[PDB]
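Before any questions on binding or motion, here is one chain by itself as structure tokens, the form deposited in one PDB entry.
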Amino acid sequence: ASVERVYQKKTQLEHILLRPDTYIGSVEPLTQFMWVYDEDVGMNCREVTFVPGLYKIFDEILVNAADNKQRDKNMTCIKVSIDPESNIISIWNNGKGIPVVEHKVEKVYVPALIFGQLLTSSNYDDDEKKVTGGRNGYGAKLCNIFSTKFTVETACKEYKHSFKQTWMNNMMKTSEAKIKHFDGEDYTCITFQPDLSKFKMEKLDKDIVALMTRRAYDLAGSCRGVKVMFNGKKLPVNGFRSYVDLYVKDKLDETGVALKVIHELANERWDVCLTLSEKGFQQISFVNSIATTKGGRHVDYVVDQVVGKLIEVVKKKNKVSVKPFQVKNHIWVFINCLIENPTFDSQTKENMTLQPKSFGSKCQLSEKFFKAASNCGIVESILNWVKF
């Protein structure tokens, strides 16, 4: 093989399609136990088979909608629609639209720039301490690139215009945006047909729909001051506590006793629930409405506090050595937090790596919370084991 065939240069766009895993995660099927929202049983834990990259291009658009609550605190509503037969997904939000005007540096309409060109963002100035999930300027373009059809509609009353542009064929084709006069209430609606051939799928099947549906419930629980609709029906979730209830309200421990769930809203930026786990350490956590499915420093930050205080309680009774990992093994923690300018080791944002001193806020759990944590059955499970 010649030098020119062995050593190759790729464009950014080529690289995304060649190496999708670092941008959206695996484009191959994955089977694992997790929580989804099914049509027949609602929230439940089961084996699910899905393609991570498909989940993630949906998630990018969903989190972008959530992020608009930080641009416009008056935003009230996100609407999610999924139609497997037509293969059409739409995510709509109110609050301020996107400026329908030509960017004077880039010489294109602002929505065309930030949905149709890589590395474009309103989150590149870190002197502003934002609790948006958006950080890198890729998400929306990644969804576009993995869609056969990708449509952006937005209306910005400030500029008195609406904007509609459609891309097709993995962001490789587009056409002149339709601009009109607009004097109503702002909105943005992203409508896309995912390119199922990129994920070796024939249709949006029940498992991927159940996962996408659960993310809508996640958002109802995590995104304060925003109501969520799914396929035309408002979700009956109002606050993180009611969201946590979907997991633990009807649940018993192995001895037949209802799980005791304890909650502290430490401040506006930190909501924490804790209960007993009997299947090893479990965490459900959100940073700026991103599901941090590998955890991160925010999880460790909260859990370490609990583990420390519970070792004190067990030590007042362990009259041998109780190790942190044994305590952590009995914890099921739920965390909803807002972190200033978070960092992650991947675009998929499963693991939040920002150190706590940089969070912009603290979550020091009260002594009342710790007293309750010492009574939710975690201490008893440990003390029962101190005998063996």
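One rule holds for the numbers: they count along the sequence shown, beginning at 1. Basically, rigid core = biggest C-alpha set you can superpose within 1.5 Å across the two forms.
Missing here is the form deposited in another entry; even so, the following discussion is about that form.
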Looking at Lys178, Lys129, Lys173, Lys227 between this form and the one not shown with the core superposed, the single C-alpha displaced by 2 Å or more is at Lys129
**Q.** Residue shift check between this form and the one not shown, rigid core fit, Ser26 Cα at least 2 Å
**A.** no
request  = Could you tell me whether the Cα atom of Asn64 shifts by at least 2 Å between this form and the one not shown after core superposition?
outcome  = no
If we fit on the core, is the Cα of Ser346 displaced 2 Å or more between this form and the one not shown?
yes
